[PDB]
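Residue numbers (this note's numbering): 31 to 64.
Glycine included, each C-beta is placed from N, C-alpha and C at the ideal position.
Here's the structure, in structure tokens; my notes come after.
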């Protein structure tokens, strides 16, 4: 998974990560990199 919630952004079907990861839409932990 990627970083957890707490960042400004609108979730697009997937949760809100607080730091874009290498991937794009793969989350397994808290919030997804919108």
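At a threshold of 7 Å, does residue 42 count as lining the ligand GDP (C-beta to nearest heavy atom)? Among the components modelled here there is no ligand, and therefore nothing to report on the ligand GDP.
Would you tell me roughly how many angstroms separate the C-alpha atoms of residue 42 and residue 62, rounded to the nearest one? 9 Å
Whole-Å CB distance - residue 45 paired with residue 35, under 8 Å assumed: 7 Å
Please report the straight-line C-alpha distance between residue 54 and residue 60, rounded to a whole angstrom. 15 Å
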